[PDB]
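Peer 1: coordinates only, sequence not included:
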């Protein structure tokens, strides 16, 4: 169980900062600050994680959401990251993500970006 | 603003049930019960949504996460749905989703499923 | 084996037309005309399919690519559809797709759209 | 135009080998050998690429498909990679991919894996 491992400040390859607390129950709460896109300052995030992972060297599944609205901007969009926490000398959170924009029904086909972020405790 | 529109009980094409409350602030809280997979009964969900969408007929971006652990099972996985709420006579939540399993670093390549769920207020 | 089942003219939910020949060997060749986006007229497509599927009622895996350049336009992008052919009274090709735009390394994070198309022999 | 840049032997982070020829017209033809999964030896691949990319430092969009059937195995599946070729001292092909298995209509929800491969000319 990785409540301790997860909780803290994480940085991705784009220079984004994800600050999270992991609850005993499975909760994830925090703030996200994106280095790119139509974003400034911190945005609320929430999510979930597996509080009793397999003990066989598997990763810890988890995910979280950011809606890109805060007191400064509203980018009419939401990203969800789905992935796994891997512990040990160089801990990582390896994710894939889906960003959906609010669109008209005619432009729905082009509503959703897909990418992959890797989070580390350093840089 | 679709706090009212979102809040409630939603059903997808697989026969799953998503029960959600949308907060004034952007919060989503609730429970998910999957008709398929390594799942039984209700699982906690949390997420976010755009509480002040565009007024130009665009959808309302949102997302949420379920970690597949509850008092009955632990499937060592998490799904995130990213999508948009569309209001009006036949309201829908149109999503794409990422399901990550906890895996060894050797099997990480096969950790993540992708699909699409459409939620309605009826069936 | 669905060489016969696949070959022909298919229409998706956006009103696009996919014309394909399936070879005995696994080849797919054809043309795609998109109802949406930065596209006009026909574009070359190529792909592959499983020429000896399982006989247990499973679908037939397949995929194909379109690069969005032809004599009329160049949208500096490529879509790949991955999915399965399901035969029988109402045959379908159920796909998920990835559209990558050519971008600068700074905008790479926003290079890739994800969606889902369902192809039928009618409409 | 990157006919020359693309053509050749490429290696990904899993230790897979992708051997490709790029045609003047936009064609990609070749063979793929996977380091992982239900695969052995070479499999046919085909695809497309943008033969006249933007000259503004953008990448070259492209994609390709492998159906996982050859003389040795049939894994009743197909992968499509969608991405972009980036040229220059350390050329890369940055991809995201969708792997669809042939499934029953009941298991269709779990038919499709998503991941990301980065290809280089060395290792």
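Peer 2: Happy to help now that I have it. Numbering: from 1, shown residues only, chains lettered A, B, ... in the order given.
Peer 1: Now do the buried residues in the strand ranked longest in chain A.
Peer 2: Ranked by number of residues, the top strand in chain A under DSSP state E is strand A:74-86. Residues A:74-86 are the ones in strand A:74-86 that count as buried (16 or more other Cβ atoms under 10 Å in any protein chain shown). For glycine as for every other residue, the C-beta is placed from the backbone atoms N, C-alpha and C.
Peer 1: So which of those residues is the closest to residue A:110?
Peer 2: residue A:77 (12.7 Å; Cβ to Cβ).
Peer 1: Please tell me how far the closest one sits from residue B:84.
Peer 2: 9 Å (Cβ to Cβ, to the nearest Å).
Peer 1: angle of the longest strand of chain A against strand B:74-86?
Peer 2: Comparing the axes of strand A:74-86 and strand B:74-86 via axes from the mean of the first three to the mean of the last three Cα atoms, to 10 degrees yields an angle of 170 degrees.
Peer 1: in its sheet, what does strand A:74-86 sit against?
Peer 2: strand A:60-69 (antiparallel), strand A:92-101 (antiparallel) (DSSP bridges).
Peer 1: picking that back up, now for residue A:77 and residue B:84: what residues contact both?
Peer 2: A:100, A:101, A:102, B:61 (Cβ atoms under 8 Å, 6 or more residues apart in numbering or on different chains).
Peer 1: How about the contacts made by the residue nearest to the last one when sequence neighbours are not counted?
Peer 2: It refers to residue B:61. Leaving aside its chain neighbours, residue B:61 sits nearest to residue A:78 (4.2 Å; criterion: Cβ to Cβ, 6 or more residues apart in numbering or on different chains). Applying Cβ under 8 Å, 6+ apart, we find residue A:78 in contact with A:65-68, A:99-100, B:48-50, B:61-63, B:82.
Peer 1: Pretty sure residue A:118 sits against residue A:93.
Peer 2: Yes. Using Cβ atoms under 8 Å, residue A:118 is in contact with residue A:93, at 7.4 Å.
Peer 1: Neighbour count for these two, which is higher?
Peer 2: residue A:93 (25 against 14; other Cβ atoms under 10 Å in any protein chain shown).
Peer 1: how near is that one to chain D?
Peer 2: Noted for residue A:93: a distance of 15 Å to chain D, by Cβ to the nearest Cβ, to the nearest Å.
Peer 1: which residues does that residue bridge with?
Peer 2: Residues in beta-bridge contact with residue A:93 (DSSP bridges): residue A:85, residue A:119.
Peer 1: now the strands paired with strand A:74-86 as TSV including distance to residue B:122?
Peer 2: Listed next are the strands paired with strand A:74-86 as TSV, based on distance: least, Cβ to Cβ, whole Å:
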stretch	distance to residue B:122
strand A:60-69	26
strand A:92-101	23
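Peer 1: which non-adjacent residue is nearest the single nearest residue of chain A relative to chain C?
Peer 2: Proximity of chain A to chain C (Cβ to the nearest Cβ) peaks at residue A:114, 3.9 Å away. Leaving aside its sequence neighbours, residue A:114 sits nearest to residue C:114 (Cβ to Cβ, 6+ apart; 3.9 Å).
Peer 1: I'd say that neighbour and residue C:95 touch.
Peer 2: No. Contact criterion Cβ under 8 Å: residue C:114 and residue C:95 do not qualify, at 11.3 Å.
Peer 1: Now look at stretch A:102-110 and say if it contacts chain D.
Peer 2: No. Using Cβ under 8 Å from any Cβ of the partner chain, stretch A:102-110 never reaches chain D; the gap is at least 14.7 Å.
Peer 1: Only the buried residues of that stretch, if you could.
Peer 2: A:102, A:103, A:108, A:109.
Peer 1: Which members of the residues you listed are the farthest-apart pair?
Peer 2: A:102 and A:109, at 14.1 Å, using Cβ to Cβ across the buried residues of stretch A:102-110.
Peer 1: how about residue A:90, what does it touch?
Peer 2: residue A:120.
Peer 1: Let me see the backbone angles for it.
Peer 2: phi -120, psi 80 (degrees, to the nearest 10).
Peer 1: what about it, distance to residue A:122?
Peer 2: For residue A:90, the distance to residue A:122 equals 8 Å [Cβ to Cβ].
Peer 1: element containing the residue nearest to residue A:114?
Peer 2: strand C:112-120 (DSSP states H and E).
Peer 1: Check the offset of that strand from the chain's centre.
Peer 2: In terms of Cα atoms, centre = their mean, to the nearest Å, the centre of strand C:112-120 is found 9 Å from the chain centre.
Peer 1: repeat for stretch A:77-86
Peer 2: Distance, centroid of stretch A:77-86 to centroid of chain: 4 Å (Cα atoms, centre = their mean).
Peer 1: Measure how buried the one residue in chain A that gets nearest to chain D is and give me the count.
Peer 2: Residue nearest to chain D within chain A: residue A:116 (4.7 Å; Cβ to the nearest Cβ). Residue A:116: 19 surrounding residues under other Cβ under 10 Å.
Peer 1: ok, now residue A:25?
Peer 2: Neighbour number of residue A:25 under other Cβ under 10 Å is 11.
Peer 1: for residue A:14, same thing?
Peer 2: Counted with other Cβ under 10 Å, residue A:14 comes out at 15.
Peer 1: Just give the closest residue to it, not the sequence neighbours.
Peer 2: Using Cβ to Cβ, 6+ apart, the nearest residue to residue A:14 is residue A:35, at 4.7 Å.
Peer 1: Okay, the one you found and chain B: tell me how far apart.
Peer 2: 20 Å.
Peer 1: residue contacts, that residue?
Peer 2: Residue A:35 neighbours (Cβ under 8 Å, 6+ apart): A:12, A:14, A:15, A:16.
Peer 1: which of the residues you listed count as buried?
Peer 2: A:12, A:16.
Peer 1: who's in contact with the residue nearest to residue A:24 when sequence neighbours are not counted?
Peer 2: The shortest distance from residue A:24 to any non-neighbouring residue, by Cβ to Cβ, 6+ apart, is to residue A:3 (6.1 Å). By Cβ under 8 Å, 6+ apart, the contact set of residue A:3 is A:22, A:23, A:24, A:51.
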